[PDB]
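Just so you know, structure 1 and structure 2 below are the same protein chain in two forms, each on its own as structure tokens.
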Structure 1
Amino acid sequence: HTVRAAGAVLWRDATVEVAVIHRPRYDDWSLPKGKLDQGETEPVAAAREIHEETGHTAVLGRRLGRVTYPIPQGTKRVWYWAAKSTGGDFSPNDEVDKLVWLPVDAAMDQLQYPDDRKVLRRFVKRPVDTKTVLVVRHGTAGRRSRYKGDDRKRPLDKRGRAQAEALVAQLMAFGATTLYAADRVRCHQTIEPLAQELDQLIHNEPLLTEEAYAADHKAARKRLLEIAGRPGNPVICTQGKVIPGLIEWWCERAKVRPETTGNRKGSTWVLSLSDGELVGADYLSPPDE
């Protein structure tokens, strides 16, 4: 059995300070992390565990790596994110009796686990006050047909509609604010549950279908950057053949290493930007994988 968990470096502005917590169970000082509840994805687990353990609300940004260790049940895998506090206040709780805010150097000395210190070294290495473009592959939508036109009207199937529902919370954990979808029904349907949650329109993007991408790949790159440049954190739902071409191109020009890679239906690429430069590309599994 692998137990899945998520954690964060919770930070706020002064130049940045980060939260270290004390737990009486081990008398230790560590970074907030906890286990995924039923039906949760790692990003939601992180944000919930942060608010439970520290009393702060926060929006996740860049991913900061993974920690794996044995436990009596088997293995625990923990993924960490940088998380900006959006407010709140600590008070002693069941799991955590104290919390200190520390500049990074001091936090480095406070943290007793080498693995947390590694995570914190990832954190300081790149900017953390980032905006976030969220590139999503549309959910499962059955079989491809014989008819020309790339099944423009083909809808999500039952699993795909569920992936769409599951994505709402996951994408909300990155402070998603505006919505974009390639001119295919399945792409829109994948983010319509989020649109409902945010009560917002989805902007249609004919330049980001597979057809348009192959016919004019430069138009798509140029449009991806326009969207990214707009204020807010855009969600862009597109197709399998478009995603690798765009992400790989952007990672190579920015010199960004993706720690994981994939391209499954319902998966998300979290693209973190600082001053309009890509500083991160984080591949997340479909919510039901």
Structure 2
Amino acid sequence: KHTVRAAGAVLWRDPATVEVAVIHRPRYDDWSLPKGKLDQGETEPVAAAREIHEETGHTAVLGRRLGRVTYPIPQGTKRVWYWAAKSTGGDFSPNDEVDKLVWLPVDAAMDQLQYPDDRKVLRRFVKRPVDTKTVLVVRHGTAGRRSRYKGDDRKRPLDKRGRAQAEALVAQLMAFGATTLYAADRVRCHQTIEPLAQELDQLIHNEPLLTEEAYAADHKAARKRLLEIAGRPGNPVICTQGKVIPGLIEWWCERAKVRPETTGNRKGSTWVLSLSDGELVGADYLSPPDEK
């Protein structure tokens, strides 16, 4: 019943014309997909990107999430979440952890992978486009509690936990190749992506149409604005509030007939929206960085 958390990837290069990486490990004599256990304080996407680079030598950009594999181990239950990950280069060198890496088209990869669950991941990988662009919709971090004033406090800041959530979100959002930054017109939303702003040296665009008060006054304008942002070149991060996100996500998924595998709305959480030719093809809910 104790869960060991891990993450990994279908790492690919070049539609089933791509090649995917399959690794061999001499400790187990197995062929499998690269993956590994989360370190203290990592989230799954951070661990996936790190373990990809450690086991294959390649850097990569994560995209669509491809489901979860569990299996019993002496410690309890091993849990692996998998992402599609596009190689951004690197070179493999054999060692004692991983002694071989082969790049295979999907069909021959399916023959090489010994675990049925890995084959299931790879089937998911091919079901939808993999060369995707990415929108990251983030609910701001923890910011104490609303006062008894009607509606909303413009300037309430992140609390200490929330500031730490903001710092922890840099690595997670960098894992998906975030490039451009947007925040609803509340201090707490800006402060959530300010650490990422500093890392990228990028300015945070301000978004009055995406606050809770605006969504409630004019939801059509909020939806239009999301699409406008998503249509721009780059991979945008959009930080907004709890009353806004569920409605926007549900609307987009409905219209494009995308089924989210997980759902939630926690402060510090992230929705990874994968697009192919402007069409939504994945909506993946990630837990806040300090929650399970």
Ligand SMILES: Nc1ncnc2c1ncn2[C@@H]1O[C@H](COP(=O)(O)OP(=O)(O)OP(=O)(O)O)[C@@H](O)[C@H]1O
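Structure 1's sequence is the ruler for residue numbers, which start at 1. The term rigid core refers to the most C-alpha atoms you can superpose between the two forms while keeping them within 1.5 Å.
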Between the two chains shown, which is the form deposited with the named molecule bound? 2
For the core superposition between structure 1 and structure 2, please identify the residue among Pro114, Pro206, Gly149, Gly87 whose CA shift reaches 2 Å or more. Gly149
What does the CA of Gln38 shift by between structure 1 and structure 2 after fitting on the core? Give it in Å to one decimal. 1.2
What is the C-alpha shift for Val185 between structure 1 and structure 2, rigid core superposed, to one decimal in Å? 0.3
